[PDB]
**Q** 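The structure under discussion is supplied below as structure tokens; questions concerning it will follow.
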Amino acid sequence: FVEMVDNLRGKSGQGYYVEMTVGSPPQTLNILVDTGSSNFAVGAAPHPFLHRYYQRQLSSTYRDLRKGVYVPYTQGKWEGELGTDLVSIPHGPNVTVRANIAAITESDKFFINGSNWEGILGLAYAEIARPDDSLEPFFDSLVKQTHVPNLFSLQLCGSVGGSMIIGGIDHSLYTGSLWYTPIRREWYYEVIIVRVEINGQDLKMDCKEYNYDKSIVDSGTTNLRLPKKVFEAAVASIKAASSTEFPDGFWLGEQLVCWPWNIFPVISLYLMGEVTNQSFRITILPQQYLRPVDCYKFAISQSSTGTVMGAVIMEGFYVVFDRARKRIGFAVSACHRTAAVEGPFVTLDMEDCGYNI
Ligand SMILES: CCc1cc(CCN)ccc1O
């Protein structure tokens with residue numbers, strides 16, 4: 001998979017993107033890699049913020065689906081026209097597939113001024129695809145139409161660079177062993193967190209709440225995001241671990257702080273393992289949750305949507321999205337006190353940590 005190593009670029013806080021080609025002849029576009037959504041959507045109009053965009057008129061292979069799509073966010077939104085066309089990944093596998101495409105014609109606060117990407121590759125499952133689950137996501141089309149195996153992996157190295165290995169795993173990208181957590185349900189990449197430690201001390205919370213709503217692995221989000229009750233407990237504990245030196249706003253992400261690592265505790269997430277009563281842990285260094293903007297932003301934040309293991313978390317690990325076996329694997333990244341994946345551990349009643357509809 002040497003063709004696929006170092007195929008991700010980006011800028012700090014602005015996500016990771018892969019080069020893709022759409023239509024015939026091939027239109028080259030940079031596309032944000034997002035494991036937290038399921039739509040393939042590209043700018044299709046000369047928005048001022050964009051370097052290039054999908055020009056459908058230039059494509060003989062384009063087919064209109066005569067239906068619109070509206071994806072609102074808290075921040076803003078995007079809106080487009082659904083169609084299908086030929087898609088390739090230059091630094092990916094030598095195949096071409098007919099995928100669904102959402103041609104973005106109106107957006108608000110979606111594109112970033114100064115970024116170098118023009119679309120989003122939603123890598124999650126049909127269940128959360130818009131308008132509904134019959135809009136087959138990109139990766140599904142890829143698996144269905146080629147011999148490419150049903151899995152991919154990401155190494156995000158924190159401007160930024162990384163690797164998306166489509167159809168497999170490259171062992172030169174991690175050290176130690178891969179450890180696997182089950183995908184709880186195929187919609188987002190939903191996993192179950194069963195224990196949290198700060199430095200070495202348990203938060204002693206009912207584990208149901210580490211997953212309140214849900215917990216997900218999402219390369220489109222920057223921060224480590226935690227449910228409100230959890231974040232509260234987590235911050236109070238990181239405070240106590242480093243009360244050697246800060247304003248209340250710094251923790252809420254309302255202001256930066258400037259200057260020194262060792263006063264800051266490591267963070268451990270134990271994740272449900274493959275075997276009954278067995279877990280494993282991932283450990284993140286404060287080099288991950290204190291992001292340079294020497295002024296740092298606190299890259300942990302509260303959430304109303306559950307835990308989000310964003311790029312902050314993923315940047316220390318090689319993460320295997322093993323769709324075929326409904327699991328996600330973690331190993332120490334070859335590009336990351338040192339970040340760690342260890343096991344096995346004994347954890348009882350792990351199923352109770354899942355929150356139910
Ligand atoms: C990097 C910031 C960013 C992230 C996402 C992913 C959200 N599912 C979408 C648009 C955007 O500008």
Side-chain angles (χ1 to χ4, degrees), residues 8-20 29-45 47-54 69-80 100-131 133 135 137-139 152 154 156-162 164 187-191 213-225 253 288 291-293 297 299-315 319 321:
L8 299 182
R9 285 294 172 273
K11 276 152 84 184
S12 198
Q14 298 185 3
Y16 290 80
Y17 62 86
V18 68
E19 175 171 317
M20 300 180 77
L29 305 160
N30 286 340
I31 304 293
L32 181 75
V33 170
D34 187 24
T35 70
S37 72
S38 310
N39 279 92
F40 186 31
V42 303
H47 192 290
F49 291 177
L50 308 178
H51 291 257
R52 61 221 136 237
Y53 48 93
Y54 183 34
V69 55
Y70 184 89
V71 182
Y73 297 109
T74 306
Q75 319 79 293
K77 67 96 202 286
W78 67 261
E79 179 182 8
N100 293 295
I101 313 189
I104 300 175
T105 60
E106 228 267 315
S107 65
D108 207 74
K109 300 185 179 190
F110 184 73
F111 301 114
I112 303 168
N113 193 24
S115 76
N116 190 41
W117 56 264
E118 299 94 53
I120 177 154
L121 183 53
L123 286 168
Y125 297 95
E127 187 82 353
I128 58 166
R130 313 298 160 208
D133 74 47
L135 201 74
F138 174 74
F139 208 90
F152 66 90
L154 298 166
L156 317 175
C157 311
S159 267
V160 301
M164 179 168 57
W187 59 328
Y188 302 91
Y189 290 100
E190 191 197 346
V191 300
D213 200 343
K214 61 185 175 297
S215 297
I216 71 163
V217 185
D218 178 12
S219 62
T221 300
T222 298
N223 281 7
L224 196 221
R225 292 178 64 211
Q288 268 118 54
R291 193 168 66 83
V293 196
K297 187 162 148 81
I300 310 185
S301 23
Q302 36 187 22
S303 165
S304 351
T305 52
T307 302
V308 178
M309 298 170 55
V312 144
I313 302 307
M314 301 177 59
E315 273 170 5
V319 188
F321 291 82

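Remember, it's 1-based here, ligands and their atoms both numbered in the order they're listed. Position 1 is the first residue of the sequence; numbering continues from there.
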**Q** Compare all side-chain heavy atoms of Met20 with those of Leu29 and state whether any distance is below 4.5 angstrom.
**A** no

**Q** Looking only at protein heavy atoms, which one is nearest to atom 10 (C) of ligand 1, and what is the separation?
**A**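 Among all protein heavy atoms, the one nearest atom 10 (C) of ligand 1 is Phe110 CE1, 3.6 Å.
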
**Q** Show which atoms of ligand 1 fall inside a sub-4.0 Å distance from at least one heavy-atom site of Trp117.
**A**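 Those atoms are 11 (C), 12 (O).
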
**Q** Do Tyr189 and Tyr125 make the cut of ring centroids closer than 6.0 angstrom?
**A** yes

**Q** With a 4.5 Å limit on heavy-atom distance, are the side chains of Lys11 and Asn116 in contact?
**A**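 No, every pair of side-chain atoms sits at 4.5 Å or beyond.
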
**Q** Does a salt bridge link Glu190 with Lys214, judged by any charged N lying under 4.0 Å from a carboxylate O?
**A**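 Salt bridge: no.
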
**Q** In the protein, what heavy atom is nearest to atom 5 (C) of ligand 1, and what distance, to one decimal place, separates them?
**A** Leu32 CD2, 3.9 Å

**Q** What's the shortest distance from atom 2 (C) of ligand 1 to any protein heavy atom, and which residue and atom give it?
**A** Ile112 CD1, 4.0 Å

**Q** Any idea which protein heavy atom is nearest atom 4 (C) of ligand 1, and the distance to it?
**A** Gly220 O, 3.4 Å

**Q** Check each atom of ligand 1 against the heavy atoms of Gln14 and keep those under 4.0 Å away; list them by number with element.
**A**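 It comes down to these atoms of ligand 1: 1 (C).
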
**Q** Any atom of ligand 1 sitting under 4.0 Å from a heavy atom of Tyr16?
**A**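 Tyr16: no contact with ligand 1 (<4.0 Å).
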
**Q** Less than 4.0 angstrom from a charged side-chain N to a carboxylate O is my criterion; do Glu106 and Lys77 meet it?
**A** yes

**Q** For atom 8 (N) of ligand 1, which protein heavy atom lies nearest, and how many Å away is it?
**A** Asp34 OD2, 3.0 Å

**Q** Does some side-chain heavy atom of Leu121 sit less than 4.5 Å from a side-chain heavy atom of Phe40?
**A**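 They are in side-chain contact.
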
